[PDB]
Peer 1: 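Have a look at the structure that comes next, please.
Order of listing sets the numbers, starting from 1, for every ligand and every atom in it. Side chains included, hydrogens not; waters and symmetry mates left out as well; all remaining heavy atoms used. Naming convention: chains lettered A, B, ... in sequence-line order (proteins, then strands); numbering from 1 in each chain.
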There are 2 protein chains.
Amino acid sequence: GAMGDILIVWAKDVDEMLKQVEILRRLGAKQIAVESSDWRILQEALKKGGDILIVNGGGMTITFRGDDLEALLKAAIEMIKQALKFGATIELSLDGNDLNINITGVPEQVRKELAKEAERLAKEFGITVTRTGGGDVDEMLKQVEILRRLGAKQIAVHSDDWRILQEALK
Amino acid sequence: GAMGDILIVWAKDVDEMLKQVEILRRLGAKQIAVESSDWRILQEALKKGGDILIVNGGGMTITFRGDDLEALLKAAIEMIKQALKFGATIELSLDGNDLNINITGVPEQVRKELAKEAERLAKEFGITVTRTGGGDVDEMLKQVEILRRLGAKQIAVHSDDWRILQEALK
Ligand SMILES: [Co+2]
Ligand SMILES: [Co+2]
Ligand code: NA
Ligand code: NA
């Protein structure tokens, strides 16, 4: 189309992803890329007829959940300050009662520390936290091969994530 | 490669972009996609031999600059709280004395309000701010055609950004 060739959907829930894809198709979108830390969401994107995926191999998505938005924001803000100081690239978005934080470009020991602070911050502010991805490099290599067997044509990875993973492979 | 087909570089400076691309090529990267609000950075990515670009049509990058990181973070945190409440998707990263905030999925009037808060917050915390992109939809359509004439093969756009732009076109 006139504005581009590919639309990028960041998918945090299978149902929300399928609804978003259908809305874009009705507006006349032809190619939709799906980004997720959740391997099951990317497999569902392929099943729906997509073939462009954005993976997160070395990083993770932290999801804070709670009815008080100001408490989600206080938890998220501490994660953001720490992650940026460690040199990570962050993607944030509000989705109902959920605040999603996609973190890339930090080594395994730093990812482990951030995942621990997420649990601590959730207890402090009286909210729940979910962590998606964070796998070792062998799990990533296995899940990418599975996406390819299921008919992925183009798999994209954040450069900072790819550089962390290459250093870890060596 | 084994981890994917395409590496994504978020480029905020032409020189930093060219250095990043060269580092990835030395590590054996074959296809590198460049993302920027800055049309000149995307044209430079094409000149260097790239052909996959991620554009920002309706949104903007806010860049806070200053020697005190705690002051950059206080300015950034207020932008993050406001932008998330308005339903925008945000991308953040520290780059030397710069804090970069890529904002998509808010209408023109809300983008205008956020750009004003950025100026105000910069004055409050004694730091400088730069705004990149924020163009009208006609400028986006013109700059996409220019990227295509300069040899772009695949242009990606965030779905939230594309939906804002489609509503604005109508
Ligand atoms: Co991403
Ligand atoms: Co982006
Ligand atoms: Na903290
Ligand atoms: Na504020």
Side-chain angles (χ1 to χ4, degrees), chain A residues 4 6-12 33-38 41-42 45 52-62 69-70 73-74 76-77 80 83 88-93 100-105 132-133 155-162 164, chain B residues 4 6-12 33-38 41-42 45 52-62 64 73-86 88-93 100-105 110 113-125 129 132-133 155-162 164:
Chain A
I6 298 163
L7 306 189
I8 299 170
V9 169
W10 180 21
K12 287 86 94 192
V34 175
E35 181 169 20
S36 195
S37 290
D38 188 335
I41 290 176
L42 298 175
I52 310 178
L53 307 174
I54 310 188
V55 301
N56 182 335
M60 53 179 188
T61 304
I62 297 292
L69 176 53
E70 292 306 325
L73 285 172
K74 282 175 185 170
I77 283 159
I80 290 159
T89 296
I90 317 172
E91 223 178 317
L92 314 147
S93 83
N100 284 285
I101 315 175
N102 197 37
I103 300 167
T104 60
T132 310
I155 295 178
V157 190
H158 291 298
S159 65
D160 63 341
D161 185 46
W162 188 81
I164 291 300
Chain B
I6 298 163
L7 306 189
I8 299 170
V9 169
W10 180 21
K12 287 86 94 192
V34 175
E35 181 169 20
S36 195
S37 290
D38 188 335
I41 290 176
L42 298 175
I52 310 178
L53 307 174
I54 310 188
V55 301
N56 182 335
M60 53 179 188
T61 304
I62 297 292
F64 291 115
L73 285 172
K74 282 175 185 170
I77 283 159
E78 292 312 307
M79 288 301 295
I80 290 159
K81 285 206 300 188
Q82 289 205 38
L84 287 177
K85 285 171 182 172
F86 284 119
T89 296
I90 317 172
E91 223 178 317
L92 314 147
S93 83
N100 284 285
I101 315 175
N102 197 37
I103 300 167
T104 60
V110 170
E113 175 61 21
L114 290 170
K116 279 193 174 143
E117 290 294 284
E119 299 298 330
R120 185 182 64 72
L121 286 164
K123 263 154 199 158
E124 182 189 342
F125 289 111
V129 68
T132 310
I155 295 178
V157 190
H158 291 298
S159 65
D160 63 341
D161 185 46
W162 188 81
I164 291 300

Peer 1: Side-chain donor-acceptor pair under 3.5 Å between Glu35(A) and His158(A), yes or no?
Peer 2: yes

Peer 1: Restricting to N, O or S, what is the name of the atom of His158(A) that lies nearest the Co ion (ligand 1)?
Peer 2: NE2

Peer 1: Any N/O/S atom from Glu91(B) (main chain or side chain) under 2.8 Å of the Co ion (ligand 2)?
Peer 2: yes

Peer 1: Hey, which N, O or S atom on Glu35(A) ends up closest to the Co ion (ligand 1)?
Peer 2: OE2

Peer 1: Would you name the N/O/S atom of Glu78(B) that lies closest to the Na ion (ligand 4)?
Peer 2: OE1

Peer 1: Determine whether a donor-acceptor pair (N or O, by modelled atom type, separation under 3.5 Å) exists between the side chain of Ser159(A) and the backbone of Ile8(B).
Peer 2: yes

Peer 1: Is there a donor-acceptor pair under 3.5 Å between the side chain of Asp161(B) and the backbone N or O of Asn56(B)?
Peer 2: no

Peer 1: Quick check: does any side chain N or O of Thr132(A) sit under 3.5 Å from a backbone N or O of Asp38(A), one acting as donor and the other as acceptor?
Peer 2: no

